[PDB]
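A single chain, nothing else alongside it, follows as structure tokens in the form deposited in one PDB entry.
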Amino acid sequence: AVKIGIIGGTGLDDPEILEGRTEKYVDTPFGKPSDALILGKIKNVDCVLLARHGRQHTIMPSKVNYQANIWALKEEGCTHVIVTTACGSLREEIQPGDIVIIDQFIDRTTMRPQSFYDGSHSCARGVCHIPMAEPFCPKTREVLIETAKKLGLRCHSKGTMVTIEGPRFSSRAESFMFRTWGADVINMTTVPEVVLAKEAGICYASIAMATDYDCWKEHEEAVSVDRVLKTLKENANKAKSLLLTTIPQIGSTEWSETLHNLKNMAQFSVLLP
């Protein structure tokens, strides 16, 4: 049995993707999630949708309760969390509207708790050092890549996401710099969402959608809120189709070994007295 958590990002957090919807507000040991969980189905598969920034997009990236969001999805019984995230492109070949099925990150955040195991919660006791060599589930990523090909979508099979704190966009010097570090796309939300999913033993993958070329590339429209939202208005349907078609495929294969290995990694990352 699988259950798919969906975290919707900017422009890309649409409840109408699920059939048989029911709204459920929850609390967690780490506070309230961004908004109500939306429970529902894609074909025969149970899903749980959550708007990263709230359904009215009122929560900036620095203030998103990543702990509560992941906790809530875990507690509802999710085996997988597949998210969407708008991003800037740091590579000529990654065009606005393209999907990138990211496989790595570089952290540039500064303000965010990255662990459940902070010494202050009885529900997460001990000192936990989660491995991040392979932060995203490669099996979930594989299904996303295969499905995007079946849909004929422009989709990059890997990529390194640099996650900045924000909410400001990057300077040009920063944009240039991130290119030298080997970053391929830029956003404000992947870290610590991916990290906490891993501590939760959840298969996590990210549908990154390029919306702009940040500010490094000449003769392109400058990143701005309006430019991002424009690209998403034009291209959001592709992320929706990809979730709708991927999720049944996840539901039809066997995940017990993958989930057991993740559970083991998570459990053995915690040192108790």
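Shifts are known only where both forms have a C-alpha. Counting begins at 1, following the sequence as shown. We call the rigid core whatever largest set of C-alpha positions still superposes within 1.5 Å between the two forms.
How about residue 41: is it missing from at least a third of the other entries compared? It is not, since residue 41 is included in all of the other entries that model both flanking stretches.
Using a one-third cut-off over the other compared PDB entries, is residue 219 one of the residues left without coordinates? Other entries vs residue 219: at least a third skip it.
On mean C-alpha B-factor from the PDB entry, just flag whether 101-109 or 127-135 is the higher one. Taking the mean C-alpha B-factor of 101-109 and of 127-135, the larger value falls to 127-135.
Name the higher of the two by mean Cα B-factor in the PDB entry, 117-125 versus 183-191. Taking the mean B-factor of the alpha carbons in each, 117-125 is higher.
What's the residue among 34, 211, 44, 241 with the greatest CA temperature factor in the PDB record? Answer, based on the entry's C-alpha B-factors: 44.
For the listed 236, 207, 50, 64, which has the peak Cα B-factor recorded in the PDB entry? The listed residue with the largest C-alpha B-factor is 236.
Splitting the chain's C-alpha B-factors into thirds, which one does residue 174 fall into? Lowest third - that is where residue 174 ends up once the chain's C-alpha B-factors are sorted.
Would you mind checking where the Cα B-factor of residue 150 ranks among the modelled residues of its chain, as the lowest, middle or highest third? It falls in the top third of the chain.
If you rank every modelled residue in this chain by C-alpha B factor, which third holds residue 69: lowest, middle or highest? Its C-alpha B-factor belongs to the lowest third of this chain's values.
By the recorded C-alpha temperature factor, relative to the other modelled residues in its chain, which third is residue 75 in? According to the entry, residue 75 has a C-alpha B-factor in the chain's highest third.
Ranking the modelled residues of this chain by C-alpha B-factor as given in the entry, is residue 165 in the lowest, middle or highest third? Within its chain, residue 165 is a lowest-third residue by C-alpha B-factor, going by the deposited values.
Keep in mind that the form deposited in another entry is missing from the display, and what follows is about it.
Once the core is aligned, please say if the CA of residue 16 is shifted by at least 2 angstroms between the shown form and the other one. Yes, its C-alpha moves 2 Å or more.
Superposing on the rigid core, do we see a C-alpha displacement of 2 Å or more at residue 27 between the shown form and the other one? Residue 27: C-alpha displaced by less than 2 Å between the shown form and the other one.
Please state whether residue 46 has a C-alpha shift of 2 Å or more between the shown form and the other one, with the rigid core used for the fit. False for residue 46: its C-alpha shift is below 2 Å.
Which way does the C-alpha gap of residue 23 and residue 13 go in that other deposited form, closer or farther, given it changes by 3 angstroms or more? So the answer is closer.
Could you tell me whether residue 16 and residue 27 have their C-alpha atoms closer or farther apart in that other deposited form than in the shown form, knowing the shift is 3 angstroms or more? Note: Cα gap between residue 16 and residue 27 widens in that other deposited form.
Provide the ranges, sorted by sequence, of consecutive runs with at least 3 residues in which each Cα shifts 2 Å or more between the shown form and the other one, based on a superposition on the core. In sequence order, the runs that relocate between the shown form and the other one are 9-20, 218-221.
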